[PDB]
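> sequence below, structure please.
(8 chains, ligands or ions: 33)
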Amino acid sequence: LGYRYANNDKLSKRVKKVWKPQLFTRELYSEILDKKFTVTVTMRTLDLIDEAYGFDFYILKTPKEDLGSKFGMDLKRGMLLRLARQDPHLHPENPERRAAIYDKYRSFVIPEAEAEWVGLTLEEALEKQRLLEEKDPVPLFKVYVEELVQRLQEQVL
Amino acid sequence: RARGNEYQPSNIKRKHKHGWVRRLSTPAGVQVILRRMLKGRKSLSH
Amino acid sequence: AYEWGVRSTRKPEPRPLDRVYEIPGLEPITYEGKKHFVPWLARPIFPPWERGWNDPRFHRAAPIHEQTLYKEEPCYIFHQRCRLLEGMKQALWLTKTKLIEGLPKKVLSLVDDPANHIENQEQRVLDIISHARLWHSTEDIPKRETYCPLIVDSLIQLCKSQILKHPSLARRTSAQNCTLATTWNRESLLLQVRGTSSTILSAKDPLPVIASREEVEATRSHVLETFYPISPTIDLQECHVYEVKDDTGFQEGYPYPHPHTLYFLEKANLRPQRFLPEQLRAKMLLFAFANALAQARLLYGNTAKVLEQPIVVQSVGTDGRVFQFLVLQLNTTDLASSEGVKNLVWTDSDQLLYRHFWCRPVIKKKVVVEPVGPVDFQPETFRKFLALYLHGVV
Amino acid sequence: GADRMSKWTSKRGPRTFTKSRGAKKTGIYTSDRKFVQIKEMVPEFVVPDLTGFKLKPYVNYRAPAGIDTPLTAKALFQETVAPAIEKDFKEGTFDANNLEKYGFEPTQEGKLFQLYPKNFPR
Amino acid sequence: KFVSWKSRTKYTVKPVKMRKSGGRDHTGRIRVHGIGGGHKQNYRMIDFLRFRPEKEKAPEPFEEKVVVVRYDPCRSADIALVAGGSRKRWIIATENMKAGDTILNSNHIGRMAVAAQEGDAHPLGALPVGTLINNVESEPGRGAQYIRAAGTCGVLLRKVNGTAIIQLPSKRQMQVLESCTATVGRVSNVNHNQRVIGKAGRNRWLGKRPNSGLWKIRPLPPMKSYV
RNA sequence: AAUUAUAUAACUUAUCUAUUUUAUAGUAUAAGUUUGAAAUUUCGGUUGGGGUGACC
RNA sequence: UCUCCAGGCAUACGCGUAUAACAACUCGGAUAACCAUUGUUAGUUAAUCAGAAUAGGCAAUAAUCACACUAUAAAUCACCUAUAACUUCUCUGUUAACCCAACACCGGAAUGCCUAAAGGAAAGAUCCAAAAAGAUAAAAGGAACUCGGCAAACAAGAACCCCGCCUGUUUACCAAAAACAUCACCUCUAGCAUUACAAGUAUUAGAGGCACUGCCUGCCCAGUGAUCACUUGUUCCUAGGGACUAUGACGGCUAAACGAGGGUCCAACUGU
RNA sequence: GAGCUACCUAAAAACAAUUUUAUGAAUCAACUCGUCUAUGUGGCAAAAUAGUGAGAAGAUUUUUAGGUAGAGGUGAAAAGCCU
Ligand SMILES: [Mg+2]
Ligand SMILES: [Mg+2]
Ligand SMILES: [Mg+2]
Ligand SMILES: [Mg+2]
Ligand SMILES: [Mg+2]
Ligand SMILES: [Mg+2]
Ligand SMILES: [Mg+2]
Ligand SMILES: [Mg+2]
Ligand SMILES: [Mg+2]
Ligand SMILES: [Mg+2]
Ligand SMILES: [Mg+2]
Ligand SMILES: [Mg+2]
Ligand SMILES: [Mg+2]
Ligand SMILES: [Mg+2]
Ligand SMILES: [Mg+2]
Ligand SMILES: [Mg+2]
Ligand SMILES: [Mg+2]
Ligand SMILES: [Mg+2]
Ligand SMILES: [Mg+2]
Ligand SMILES: [Mg+2]
Ligand SMILES: [Mg+2]
Ligand SMILES: [Mg+2]
Ligand SMILES: [Mg+2]
Ligand SMILES: [Mg+2]
Ligand SMILES: [Mg+2]
Ligand SMILES: [Mg+2]
Ligand SMILES: [Mg+2]
Ligand SMILES: [Mg+2]
Ligand SMILES: [Mg+2]
Ligand SMILES: [Mg+2]
Ligand SMILES: [Mg+2]
Ligand SMILES: [Mg+2]
Ligand SMILES: [Mg+2]
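Residues are numbered from 1 along each chain as shown, chains lettered A, B, ... in the order given. Ligands and ions are numbered 1, 2, ... in the order given. Okay, here it is:
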């Protein structure tokens, strides 16, 4: 979103101009996910995928900023979690096929715990943490019982 | 004729036009409430 | 082909599912825990909710095919509001009956005898008409919702004053808003009648037969008229969830099992809500036929045969000013075929009690042209209304 | 010219506008505009028999008040449940599973008077 | 806020209550001027796909009975209720249509042209060239959108290689497939053009509001001198 | 009037998807060309006032 | 008790204690008496007045005293088929001389019934001056007044010219008209669907112009032979050769009618 | 900000008597309007009062709720209205 000078001379009027990307919708197949997605994609991304020698390579290689998409980041977490867990759900009943994919992308393997917190926003991460730490209050009855038993046991000791 | 009597009171008309639910309908109306809360007004709306 | 219902008025399609769901192996993070909507989290998917117990206030019925009484065969039900496109002709085909114009001579001759004439008959009828239309309500112009029942009720309470001459009239009593139904088949089509019949008058003894056996047999020559391309089921309610019931109008053990007459009232104020003459008589036949058929089934069982003792039922239909009189004799219960012994029906149509009523004087240039009273009052109509009543006793 | 500062109540507005003064509902409105009261929704005051009651509204000045000690959960536990466990511990007839024997309630569901969420009024 | 009254999903002969828009859009702004007011009118749903078989009925030519020819306030022409089988529908009425007459709806396409009485729908291929037709449709199974105004008629100019040329009332010639079905004859109320409104208040009844009171070429640079 | 003018409409080359050996199709776009719905800004000086002449 | 005036009682919207008694005599009522004011205490009582379960199927036939009678602008849940439940009285409105107009404002304010049986008081005491405002009466004359018969009149009758065809609409608070709309007539645009137009389709929809109506009336209408050939015209191929060519942008005006229009004239009438 | 006002949608209400006839016709109240003169002019009134006038079954008036918002809305066009 910017301005241009009519006839490309600064002595002419200043005119509003917006430059738009020639969006295209295509179908892409992810080996790690074994699913085909339909996505709005620019010709630039197609070249980047080709230079990355595969759609799956493109998602894993590209950092969070360069990717510039929340949908892409979710794919990054899904692929990373798939490789991290070595999930048998990938190409079931064909272990040979599954091993090939995992080995081909072995370089990007990272610990399972770290993979979970990939691409999440602050609110989504906050929600994830709150759920993990949610616990119903412990009845005081039990708490006092534990203290009483320990004191009695120690005294008998 | 004789002016000065434009106000023809109707509670249904009044509450629909400048009421609480009407103000909250739009963000532009919610920002009317938000400023009024900042000033300290007794009544934020009708 | 034009599809009815503009899309803008139809409920919009649900928003597309969040893309996080599409990715396999990823557990979406939603606002389920928060217990409230937030725009920046994925939309939760909830399982269907079951209360665990039944609340009558919020009971919801099952779909049609899941109903216990659902049947693939279609059942055509005729009710009050149903209007036959072909009028009488369609009604004749459904009930397998032949039409005779005019009331039976036996009924007509009953009132020709001056002994049956009531004292001050002409004057009392005029009072009833005047009472019906003007004097009964505080208002100026009573509506048809209050003077078509009044006129019919008043006349019946006048004809029923002849108990003094004939003590035999004490063996009858009436009812209101009774329920009559029957189930019968015509040329592979299942037909039912479900409709109340206002007030029913019932007697302790059956009505004398109107037509002789030879006349009943002679009906075989007559052939039911057909009305191609209109189907017999036009304007009938096609029902796929139904039960087979046949109620006379009362229960078993009623002291007066014999139905004398059925009265039909059109109390709708607006003309579109009021049946036309032709449709009214067609309604009378099916409703009158049903009551006769149900009792035939009750007495002689569910078998189909030509009845040894024909059943006779009478009906009176009116809108408060125009009266239609009906006498029906049921000769057979084997209606499945269109050829055979046929029922006989006698119809007296378009009997005007009075042409018009003025409740306020018509004044032109300070001259009272028309008085406040019934115009062109016809006493003959009441006599026919008296003949049907007296029939079966005198 | 409408008064914005006065409270909005049912006395004001047209006939159609109505609202309660805070009275608790005691019935249901069925179809055809018929009200059907429910006996259970009508509160019933449980009033004790005061015959032989030795307590009156006022207290004698001579009587000396005691030290205020707001009751605490620990204090109640020591009085009620601790002695049973202490004696049972010496006898050895104590296990974690049977805390209900001393009065523990695993869940409030099934109780007529639920402690939380409270299903009974004052 | 503005929900069009045209929300009824299922066809029914019963008249449906209408709401007029006064010309206003769904936003409340006027998109067409001169529209506002008039008598309250009830919509009578019209079926223009003449050959529509009844539920669970074979797709073969069938006939129907013309019950009545009513006056429709929502159209120039007068509709006629037609009853056949176990259903009732409203259709546009031809000039000479009378109550009690039987009309023929025939999808069957005949190699040889057969003379057709007024009001019987037949495929354009069946109709001999030159027959007056109405309720013509662009594509088969699309309902009628042409020559459905009072007194209008269309001419079947030429049938060649399964294509039919129809001279529309405006004299525009439109080609459609011979499979298209159009009923014969001109539409009713032929004398619609001959009516005289007479009084301004009459147009105000119809919903036509008064008009407003508000009361070229560029010469080339060489031609500026001569003007 | 001067300067612009992805309101609209249009077409041209490209991008791009179908297709046939070059080909005619279209086009979440860009670069042009053509109209202008509009936006922005302006009202030199001297001639006892004015239109016409003029003059600086 | 007397004299006189002639929109009153409810309802809705609205207002929110201005209702009622007692007590005060600071403030409010534009002055007093008395309170509408101040303080305290009270108040408006409803099962009838008023306000606030589910799934299917299917409706051609106005109103007007609805009969006759016609017309055109085409016009208000029920009833069925099944499922579910089987005996109830809570909640809220209710007062007043009241509302919109800074005011106890000669203004504004919808419906029902009635027109005095209901509701009210034009004058604080005085006084008879001028000027000013309003009402009534007039000798003789009768528009001689005046920009104009403005206003008034014991009159309220008659004809004319101009302009617009008519009913209608407009600058709220200086112009109500000759201006705008208007039927009829004319021109331009569009061959079509699921939110205006329009659930419509060229006798239709949009846009704009103009009083219509019989009558005079524009031009335009290849030339000559005579449905026929040449000369033209238009195109190509090179001055030749082919090819082809079978009354509508204008007036008078109807002509009558109608006008709180702009001008006139007679008659009556009158303090002009 | 459309409780005034321009326009529209929906749900509603009012119209006596007389003569024509069968109606944007006639006489004339309620009711709507606002031609003329007079008074008023810090007025009762930031547009009223007293008379006199126009329409009064219709393109009629009125009530209730809703919609159209300033680069705009509405307009039987007065550059009229939109507190
Ligand atoms: Mg700048
Ligand atoms: Mg104000
Ligand atoms: Mg108002
Ligand atoms: Mg004009
Ligand atoms: Mg500037
Ligand atoms: Mg008081
Ligand atoms: Mg006192
Ligand atoms: Mg004062
Ligand atoms: Mg007080
Ligand atoms: Mg009640
Ligand atoms: Mg009261
Ligand atoms: Mg006084
Ligand atoms: Mg005095
Ligand atoms: Mg005088
Ligand atoms: Mg004098
Ligand atoms: Mg003069
Ligand atoms: Mg005068
Ligand atoms: Mg005029
Ligand atoms: Mg006028
Ligand atoms: Mg003005
Ligand atoms: Mg005017
Ligand atoms: Mg004026
Ligand atoms: Mg005038
Ligand atoms: Mg004279
Ligand atoms: Mg409003
Ligand atoms: Mg207007
Ligand atoms: Mg009248
Ligand atoms: Mg006005
Ligand atoms: Mg008049
Ligand atoms: Mg007049
Ligand atoms: Mg009139
Ligand atoms: Mg102008
Ligand atoms: Mg203002």
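> for the stretch 1-150 of chain C, just list every one of the helices.
C:19-22, C:88-95, C:105-112, C:121-130, C:144-159 (DSSP state H, counting those that start in this stretch).
> comparing those, which comes out most buried?
Burial of those is given as mean neighbour count (mean count of other Cβ atoms under 10 Å in any protein chain shown); helix C:88-95 ranks first at a mean of 22. Backbone N, C-alpha and C define where each C-beta goes, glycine included.
> need the nearest residue in space to the residue nearest the centre of chain B, chain neighbours excluded.
Centroid-nearest residue in chain B: residue B:18, 2.7 Å away (criterion: Cα atoms, centre = their mean). Spatial nearest neighbour of residue B:18, excluding adjacent residues (Cβ to Cβ, 6 or more residues apart in numbering or on different chains): residue B:46 at 4.7 Å.
> that neighbour touches residue B:13, doesn't it?
No - under the criterion of Cβ atoms under 8 Å, residue B:46 is not in contact with residue B:13, lying 10.5 Å apart.
> now the helices for chain A?
Ranges of helices in chain A, per DSSP state H, are A:43-51, A:55-61, A:64-67, A:70-85, A:95-104, A:112-116, A:122-133, A:140-156.
> SS state for the residue positioned nearest the centre of chain E?
Residue closest to the mean C-alpha point of chain E, counted by Cα atoms, centre = their mean, is residue E:148 at 2.5 Å. With DSSP: H, G, I helix; E, B strand; the rest coil as the basis, residue E:148 sits in coil.
> residue B:13 now?
helix.
> relative to residue B:43, how far out is it?
Using Cβ to Cβ, to the nearest Å, residue B:13 is found at 18 Å from residue B:43.
> just give me how far whichever strand or helix holds residue D:81 sits from the chain centre.
In this structure, residue D:81 sits in helix D:73-91 according to DSSP states H and E. Put simply, helix D:73-91 sits 27 Å off its chain's centre (Cα atoms, centre = their mean, to the nearest Å).
> what angle sits between that helix and helix A:140-156?
50 degrees (axes from the mean of the first three to the mean of the last three Cα atoms, to 10 degrees).
> is helix D:73-91 up against chain A anywhere?
Yes - Helix D:73-91 lies within reach of chain A by Cβ under 8 Å from any Cβ of the partner chain, at D:73-74, D:77, D:81-82, D:85-86, D:89.
> residues in contact with that helix?
A:140-141, A:144-145, A:148-149, A:152, D:69, D:94, D:102-103 (Cβ atoms under 8 Å, 6 or more residues apart in numbering or on different chains).
> can we see that at 7 Å?
For helix D:73-91, the surrounding residues in contact (Cβ atoms under 7 Å, 6 or more residues apart in numbering or on different chains) are A:140, A:144-145, A:148, A:152, D:94, D:102-103.
> from the residues you listed, which single one is nearest RNA strand F?
residue A:140 (58.7 Å; Cβ to the nearest atom of the strand).
> show me which residues of chain D sit near RNA strand F.
Residues of chain D found near RNA strand F (Cβ under 7 Å from any atom of the strand): none.
> let me see the ranges of the strands in chain D.
D:27-30, D:34-37 (DSSP state E).
> quick one: the first one near chain C?
Looking back up the chat, that one is strand D:27-30. No - judged by Cβ under 7 Å from any Cβ of the partner chain, strand D:27-30 stays clear of chain C, getting no closer than 7.5 Å.
> give the other helices and strands that that strand contacts.
Under the contact criterion of 3 or more Cβ pairs under 7 Å, 6 or more residues apart in numbering or on different chains; DSSP states H and E, strand D:27-30 touches strand D:34-37.
> residues near the closest residue to RNA strand G within chain A, how many?
Nearest residue of chain A to RNA strand G, counting by Cβ to the nearest atom of the strand: residue A:25, 23.3 Å away. Other residues near residue A:25 number 8, with proximity taken as other Cβ atoms under 10 Å in any protein chain shown.
> and the residue nearest to it when sequence neighbours are not counted, how close does it get to chain B?
The shortest distance from residue A:25 to any non-neighbouring residue, by Cβ to Cβ, 6+ apart, is to residue A:40 (5.2 Å). Residue A:40 is 28 Å from chain B, where distance means Cβ to the nearest Cβ, to the nearest Å.
> I'd like to know how far residue A:40 sits from residue C:20.
In terms of Cβ to Cβ, residue A:40 sits 17 Å off from residue C:20.
> so what's residue C:69 up against?
When contacts are taken as Cβ under 7 Å, 6+ apart, residue C:69 is in contact with C:241-243.
> now the top helix by length along chain B: buried residues?
Criterion DSSP H: the longest helix present in chain B is helix B:27-39. Neighbour-count burial for helix B:27-39, counted by 16 or more other Cβ atoms under 10 Å in any protein chain shown, picks out residue B:29.
> before we move on, back to that, from residue B:29, how far out is the residue nearest to the centre of chain B?
Applying Cβ to Cβ to residue B:18 and residue B:29 gives a distance of 9 Å.
> who touches both of those two?
In contact with both residue B:18 and residue B:29: no residue, using Cβ under 7 Å, 6+ apart.
> check contacts around the residue lying closest to residue E:77 once chain neighbours are set aside.
Leaving aside its sequence neighbours, residue E:77 sits nearest to residue E:150 (Cβ to Cβ, 6+ apart; 4.0 Å). By Cβ under 7 Å, 6+ apart, the contact list for residue E:150 reads E:76-77, E:187-189, E:192.
> quick one: which of the contacts of residue C:69 is nearest RNA strand F?
For these, the nearest to RNA strand F is residue C:241 (48.6 Å; Cβ to the nearest atom of the strand).
> so the closest one touches residue C:72, yeah?
No - Residue C:241 is beyond contact range of residue C:72, at 10.9 Å (criterion: Cβ atoms under 7 Å).
> more neighbours, those two?
Relative neighbour count places residue C:241 above the other of residue C:241 and residue C:72, with 12 against 6, counting by other Cβ under 10 Å.
> mind listing what's buried in the helix holding residue D:81?
Quick answer for helix D:73-91 (16+ other Cβ under 10 Å): D:77, D:81-82, D:85, D:89.
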